[PDB]
């Protein structure tokens, strides 16, 4: 038997960031300046994104190494926040549209955007940690779902197959390919097991802004005409559900949960289309 449905807990005090670490423009504003930026990056921006992506991948790995029964999601946040700040990176989530922490921690039926708090992880949970770094004027964005103790087969297989669907999608990226191949491959793979791929949340172009207006669907929609070109930077980040797609948002305005409380898993990397293929920027 696995735990029952989650409820929100209490947040820790806001974690400070030294002032010499530049803030993204949206910190202190109610919305963000994003969605109309070019999709192909310059070489200088790409080089900076490799830095941001490695630092994000570091923070995710350190926080993920900490996932175990008994640890709170706030403890994961303090680990991610300190790794980012000690690397001179601003945690991009902190202050985005008022988001109060430095990463998102999404257990079990939480599709995305969970807020680190007093929630205690327990045996059988699956814990998504999403870490984003802003450094060098650019963002890196990455996430993974980590098992806590012995996870029930249904849930273990959801996590492993979601990781596999993400890697199969990443491996289709190449110049000249329709962007829509990504959601074709993910949805085809998920459909093997009767999983449902989330539609209303998507991958995104990312560069000097976090959601730059490029949208990467994770479901099949071949009418999209966008082609992958060298220098494009964007994420692949499917959320795959055991249950139905219907969801609710908690009163905090962030936490998105499945309406039927069946569990859901996600993995995410920031990618660069190269002249021949793809480079994952959010690798160690």
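Numbering follows the first chain given and starts at 1.
Which of 59 to 67 and 23 to 31 has higher mean CA B factor, as the PDB entry lists it: Between 23 to 31 and 59 to 67, it is 23 to 31.
Name the higher of the two by mean Cα B-factor in the PDB entry, 247 to 255 versus 222 to 230. The recorded data point to 247 to 255.
In the PDB entry, which of 113, 174, 211, 139 has its C-alpha at the highest B-factor? In the PDB entry, the greatest C-alpha B-factor among 113, 174, 211, 139 is found at 174.
Ranked C-alpha temperature factor of residue 240 among modelled chain residues, by third: As the PDB entry reports it, the C-alpha B-factor of residue 240 lands in the highest third of its chain.
Ranked by Cα temperature factor within the chain, is residue 38 in the lowest third, the middle third or the highest third? Middle third of the chain for residue 38's C-alpha B-factor.
Please place residue 154 in the lowest, middle or highest third of its chain by C-alpha B factor as given in the entry. Tercile = highest for this residue's CA B-factor.
Consider only the C-alpha atoms of the modelled residues in this chain, order them by B-factor as the entry records it, and name the third containing residue 190: lowest, middle or highest. Highest third, going by the recorded CA B-factors of the chain.
Just say lowest, middle or highest third for the CA B-factor of residue 81 relative to the other modelled residues in its chain. Tercile = lowest for this residue's CA B-factor.
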